[PDB]
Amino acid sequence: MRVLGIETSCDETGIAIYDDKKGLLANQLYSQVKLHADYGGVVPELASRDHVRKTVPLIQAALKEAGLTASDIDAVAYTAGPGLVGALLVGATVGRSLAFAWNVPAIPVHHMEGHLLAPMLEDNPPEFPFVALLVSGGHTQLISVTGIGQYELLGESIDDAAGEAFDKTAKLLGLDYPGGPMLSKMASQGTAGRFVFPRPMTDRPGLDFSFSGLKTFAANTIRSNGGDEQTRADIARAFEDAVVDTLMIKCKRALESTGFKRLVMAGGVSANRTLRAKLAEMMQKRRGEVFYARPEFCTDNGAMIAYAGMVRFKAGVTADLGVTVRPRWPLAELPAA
């Protein structure tokens, strides 16, 4: 079985072809970073216009990449939400009308489920049950996964998600939007323990998060110190170490509470080098296991949508002729499979 996946929820056009026997057959990606950088954030109108010029050519390139023709595709999967209504609508209208024209089922996919299931694309995929740490731009959640579509929210952030906290501090460190990865590169040249940032919500028990106060601590530290590269790299490292220690403490607590032996990390922030090593080390001590997506499948791609689309198609999730986008769509609201 072959599923074509379409991802256009934010600033990246992702097209992929996933075969449940042979694995990933094609993976195409166009990033709009340079388009939005100058505005310091994604301009919805500019993002929507760019998905229009890249969706159809990238579908055409993905088919020629995998050396397949139209009839080799059994279903079309597209991100229906959450995301930007304007960007979502590009992939959803192209995706649904393509499925109609090819006379194949169309699969609306939840973008966060896409991220969550991205580690299922690697060898030795996680078995249920597992604790999932979803660390994205807008969300930071601890989820109890007991099956596919069986997601129990254990904890979430009350303010900034870990990803936006990374972007906000990177802006203050003079980096271009989105600065999260560049902050992490700066941090790798940093001196351990030079500065010590707090770990919010870790004094009291509970699984909820808070990162807004790290932005303020960072801002005040930048102002109270010199502007040399080494100082800024030491602040970048102190910020990263605090976010990772916080995420590690909360993951530990969730594993204890649930009683689970498996931990899965997903979302853009799960690409972080320091987070991957610290969570790996903790699971080795617990005598458990960590599961990650490859770094490219941590951020927006179409492979996770073609994969999650295939799982939903096997469970009976099909779209009617009406196209529907859900810019606000909670992971808890999605039905169990």
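Throughout, we count residues from 1 along the sequence that is shown.
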Ranked by mean Cα B-factor in the entry, 155 to 163 and 240 to 248, top stretch is 155 to 163
Higher avg CA temperature factor (263 to 271 vs 130 to 138, as deposited) belongs to 130 to 138
Listed options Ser184, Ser224, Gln189, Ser97: highest C-alpha B factor recorded at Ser224
In this crystal structure's PDB entry, the residue among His115, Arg199, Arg232, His110 with the greatest CA B factor is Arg199
Temperature factor at the Cα of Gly179, chain-ranked in thirds, falls in the middle
Among the modelled residues of its chain, the C-alpha B-factor of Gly322 falls in the third labelled highest
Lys278: CA temperature factor from the record, placed by chain third, in the middle
In terms of its chain's C-alpha B-factors, the third that includes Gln32 is the lowest
Temperature factor at the Cα of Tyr78, chain-ranked in thirds, falls in the lowest
